[PDB]
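**Student:** what shape does this take:
(chains A, B, C, D, E, F, G, H, I and J, ligands or ions: 1)
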Amino acid sequence: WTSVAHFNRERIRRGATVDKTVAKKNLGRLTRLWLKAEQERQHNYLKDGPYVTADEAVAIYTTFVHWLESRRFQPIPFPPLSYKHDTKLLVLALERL
Amino acid sequence: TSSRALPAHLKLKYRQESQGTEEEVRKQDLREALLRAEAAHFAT
Amino acid sequence: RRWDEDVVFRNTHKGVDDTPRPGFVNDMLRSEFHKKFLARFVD
Amino acid sequence: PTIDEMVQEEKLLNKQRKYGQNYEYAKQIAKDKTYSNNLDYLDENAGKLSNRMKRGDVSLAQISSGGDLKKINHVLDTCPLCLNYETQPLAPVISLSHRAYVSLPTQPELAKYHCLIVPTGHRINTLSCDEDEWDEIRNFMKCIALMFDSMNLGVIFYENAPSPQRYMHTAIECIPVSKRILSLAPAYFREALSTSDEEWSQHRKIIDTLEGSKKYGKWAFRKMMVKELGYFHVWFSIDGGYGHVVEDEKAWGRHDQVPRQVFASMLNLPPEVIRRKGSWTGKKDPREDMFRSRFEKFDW
Amino acid sequence: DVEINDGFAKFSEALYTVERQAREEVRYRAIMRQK
Amino acid sequence: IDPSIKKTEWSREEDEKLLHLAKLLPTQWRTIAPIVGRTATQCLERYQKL
Amino acid sequence: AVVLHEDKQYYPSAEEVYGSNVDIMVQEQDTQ
Amino acid sequence: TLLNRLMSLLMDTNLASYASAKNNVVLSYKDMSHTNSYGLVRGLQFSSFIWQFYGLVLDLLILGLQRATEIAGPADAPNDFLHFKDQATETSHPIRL
RNA sequence: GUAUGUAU
RNA sequence: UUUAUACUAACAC
Ligand SMILES: [Zn+2]
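**Tutor:** Numbers count the residues shown, from 1 in each chain, chains lettered A, B, ... in the order given. I have put the structure below:
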C-alpha cells in the first residue's frame, strides 16, 4: 500500500495516468503517508527535546536585539480604541475573505 | 474459442550442447567450482 | 580574514557526512528512500 | 398539426420567455431517471429526449400577467414605492409627474442634495418604459441640472439593474458633484466598468452614448442599449453617457457597490458610507424639506 | 503516558535571563544616550 | 461529554506542577494537556487564569 | 548530545546484529 | 518557544501571545489528527509576516551585523534595492549584493 | 413509474 | 368544518 503510492506518484510526475480516480486515490494515500510522518516529527521532538540548544538561541536572540537596537526601532503597540485607520483596515480584511 | 487460444510457439527449445545439457552436468564437478567461486568473491 | 571573524556562529556543519544510507532497513516507512520521496513530492 | 394552426403555437411561446425548447430538453433528463451522459447513449435515445410539448398550455392567462403570479404579486404587495390610488409610497416625494416622481434616498446618503427619479409603474429596466413616460424624465433632468448650475456644480446620474429576474423597481439617482471632479469621472467609470466584470464577455465593456448622441441626441441610449438582459448606465449632461451590460451579477454586486465605490472614491468619503443600508419608512421632514423649497424655483 | 525531557526546562529559563539581561543593557544604553 | 474527561475536582498538590509547564512553554497549550492529564485545554487555560 | 530528527536512527547497524564473519550484501540495482 | 521570544520584541507582549498560541493547533484529516507544537503553520492570515521577520534572522547569521548595516545603510535614509553610498563600503567585502 | 422482477 | 401524516408527483416555480 505504500509501495503503490510511490509507483503512482511517478506515473503522474511523468504524465501517463489520468481519470481522477487514480489522481484522487494516490493523493489520499500520500496525505496519510505524510501525516504519519508529521506525527513522528512532533512526538520525536518532545521526546528528543529542543534541537536549538540555549547557547545557540542566546546568540540568535542577542544578535537580533542589536539589529533592532541599531535601527532605533519602535515596537508595534496594541490597537488604540480611538484609531483612525482601523475601519479602513477591517474592510480590507473582509474584501480578502 | 478465443484469440489467445490460437496456435502459437508450436516448437519447444531443448538444451543445446554448450549452454547446459544435463549430461555435461554429470561430468561437471559442481563441488569444486562452487568453492573456487566463493574464494574469488571473498578475496576481492 | 576579518569577514570570517564577524560571523556569530562557526563550524556548525563540520562533521556532516556518512549517514545510515548504506544500512538497509526492513521498514518501508522509515527508510531513506521514503524520506526522499516525501521530501520531494511535498512543499 | 396543420400549418395555420402551428403558426399560432409559435407566437404564443415567443411571449413566454421562461418555457421554450430548452426546458423540455432539461425536463426530459430529470424525468428519464435512467440517463447515462455519453454520445453512444444520447444517440440511442435521440428521439426520446426531444419528445414533449403535450403538457404545455394556458394560452392568454399565462402571458397577461407574466413572471408568475405568486412572485410578482409578492413583490408588488411589498414594493415600498409604486404610486397608485390604493397604495401610497414609503418615500416622502417632492414633485410628481404623471408617470414619475422625485424623492429622497435612504439614510446613509451619498451627498447633501442626493435624489432619485422613480417611475410610477413597475418598470424595472428604464428601457422598458414608454416613450411618453421618458419625456417627463428629461424635463426633470434639465431642471435638476439647472438647479445645480446656479450652485456651480453639475450632476452625474445613473441606474443599476444587473438582475431583472428579481423584478425590482429602477431608481435613476442624481449625484451632485463639482465640475472639475465631474470632468474626471469619464476616466474613473471607464476603469471600473472594464475592470469589475470578467473580460471574456461577448458584449464588450463600455458603450458610449456620448458619441452616439452626436449621431442621434434625442435617443442614443434607447437605440443602442438593450432592455431584456441585465445592464448598467451612467450619463453626463442631458443625453451623454457611458454604458456597460452586466454578466455574472454575483461578481458585480448584489447590494449596489460597483458604482457607489466609484463615487466613494471620486468624491472621497469614509469606508462606512460605502454600503447602503436602512429604509424609507416615512415622515422624514428635516432633511427632505430643505430640498423641496430649493427645488421649487427651478422645478416645473 | 508521555513526558518532556529535562533539556526543555533548561532552554526556557535560559531565554528568560537573556531577556532580563538585554533589557538592562538597553536601559544602560538609553541612560548613556541622554548625556 | 466523554468518560475520559475529568470534570470533577482539582487536587492542589497535583496542580502546582500544572502551572509549572506554563513557565517552560508559554502558550503552547495543546502540548501541555496530555502531560497535565486533566485535558480540556479550555479549563487548563482557565485554571492558570485563576 | 542532541540528535537532530534527521539523524535519529532508530534501529541498529546490520553488522552488530551479526557483525563479524557474515557477509552483509545490499543489492538494489541489477547488473547485466 | 524561540518564536514567542523573538516575536515579543517586534510588538506588544499581548499580540505576540496570539500568534505563538495560534500556531500550536490540532491538525485534522479524516480518521486521524495530531497536535502541532514543533512546526510553523502557514494557513494563518498573518503567516506571511511571521515568515518574513523570522527569515530576517536567517539573513543576519549569514551576512553578519557589520555588512548588513552597510547594505541597508542608515535607517534614517536606507539605500536603493541594489545601491550603496560609497565605493569604499561597496568594495569592503566579497559579498556585494 | 421506468430500470427490474411476481401473478393470469 | 378543523389539525397531523403518507400517498397521490408519472406537477410547477
Ligand atoms: Zn414599485
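**Student:** how near is whatever residue of chain C ends up closest to RNA strand I to residue D:160?
**Tutor:** In chain C, the residue that lies nearest RNA strand I is residue C:41 (43.0 Å; Cβ to the nearest atom of the strand). In this view, the C-beta of every residue, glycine as well, is placed from N, C-alpha and C. In this structure, residue C:41 and residue D:160 are separated by 49 Å, where distance is defined by Cβ to Cβ, to the nearest Å.
**Student:** between these two, which is the more surrounded one?
**Tutor:** Neighbour comparison, residue C:41 and residue D:160: the larger count goes to residue D:160, with 22 against 16 (by other Cβ atoms under 10 Å in any protein chain shown).
**Student:** and that one, its phi and psi?
**Tutor:** Here is the backbone geometry of residue D:160 (degrees, to the nearest 10): phi -130, psi 110.
**Student:** quick one on the thing from earlier: which residues sit in contact with the closest residue in space to the residue of chain C closest to RNA strand I that isn't next to it in sequence?
**Tutor:** Nearest non-adjacent residue to residue C:41, counting by Cβ to Cβ, 6 or more residues apart in numbering or on different chains: residue A:9, 5.7 Å away. Contacts of residue A:9 were listed using Cβ atoms under 8 Å, 6 or more residues apart in numbering or on different chains, and they are A:26, A:30, C:37, C:41.
**Student:** who wins on neighbours among these?
**Tutor:** Note: the member of those with the most neighbours is residue A:26, at 21 neighbours, neighbours being other Cβ under 10 Å.
**Student:** if I look at it, how far off is the ion?
**Tutor:** With distances defined as Cβ to the ion, to the nearest Å, the gap from residue A:26 to the ion amounts to 58 Å.
**Student:** helices and strands around the helix or strand harbouring that residue, which ones?
**Tutor:** Taking DSSP states H and E as the criterion, the element that holds residue A:26 is helix A:20-46. Packed against helix A:20-46, as judged by 3 or more Cβ pairs under 8 Å, 6 or more residues apart in numbering or on different chains; DSSP states H and E, are the following elements: helix A:2-7, helix C:33-40, strand H:26-29, strand H:32-35.
**Student:** flag every residue of chain A that's near chain D.
**Tutor:** Residues of chain A lying near chain D by Cβ under 8 Å from any Cβ of the partner chain: A:87, A:88, A:91.
**Student:** doesn't the first one belong to a helix?
**Tutor:** Yes. Secondary structure of residue A:87 (DSSP: H, G, I helix; E, B strand; the rest coil): part of a helix.
**Student:** make sure it is actually in contact with residue D:272.
**Tutor:** Yes. The pair residue A:87 / residue D:272 is scored as a contact, 6.2 Å apart, by Cβ atoms under 8 Å.
**Student:** tally up the residues packed near residue 13, please.
**Tutor:** No chain in the question, so chain A it is. Residue A:13 sits with 10 neighbouring residues when counted by other Cβ under 10 Å.
**Student:** nope, chain C please
**Tutor:** A total of 6 residues lie near residue C:13 under the criterion other Cβ under 10 Å.
**Student:** next, give phi and psi for it.
**Tutor:** phi -80, psi 60.
**Student:** for the one 5 residues further on, same thing?
**Tutor:** Recorded main-chain torsions at residue C:18 are phi 70, psi -90, according to degrees, to the nearest 10.
**Student:** so which strand or helix has the residue nearest to residue D:104 when sequence neighbours are not counted?
**Tutor:** Computed as Cβ to Cβ, 6+ apart, the closest residue to residue D:104 that is not its neighbour in sequence is residue D:288, at 4.4 Å. Following DSSP H and E, one finds residue D:288 within helix D:285-295.
**Student:** quick one: residue G:17 from chain H, how far?
**Tutor:** 32 Å (Cβ to the nearest Cβ, to the nearest Å).
**Student:** got the residues of chain C near chain A?
**Tutor:** Selection of chain C residues close to chain A by Cβ under 8 Å from any Cβ yields C:8, C:9, C:28, C:29, C:34, C:37, C:38, C:41, C:42.
**Student:** in CSV: the residues you listed, plus distance to residue D:282.
**Tutor:** Supplementary listing: the residues of chain C next to chain A in CSV, determined by distance: Cβ to Cβ, whole Å:
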residue, distance to residue D:282
C:8, 74
C:9, 76
C:28, 77
C:29, 73
C:34, 74
C:37, 72
C:38, 68
C:41, 66
C:42, 63
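**Student:** those residues: which two are farthest apart?
**Tutor:** Checking those against each other with Cβ to Cβ, the farthest-apart pair comes out as C:8 and C:28, at 41.7 Å.
**Student:** hmm, back to that, is it true that the residue nearest to residue D:104 touches residue D:102?
**Tutor:** No. At 10.1 Å, residue D:288 does not count as touching residue D:102 under the criterion of Cβ under 8 Å.
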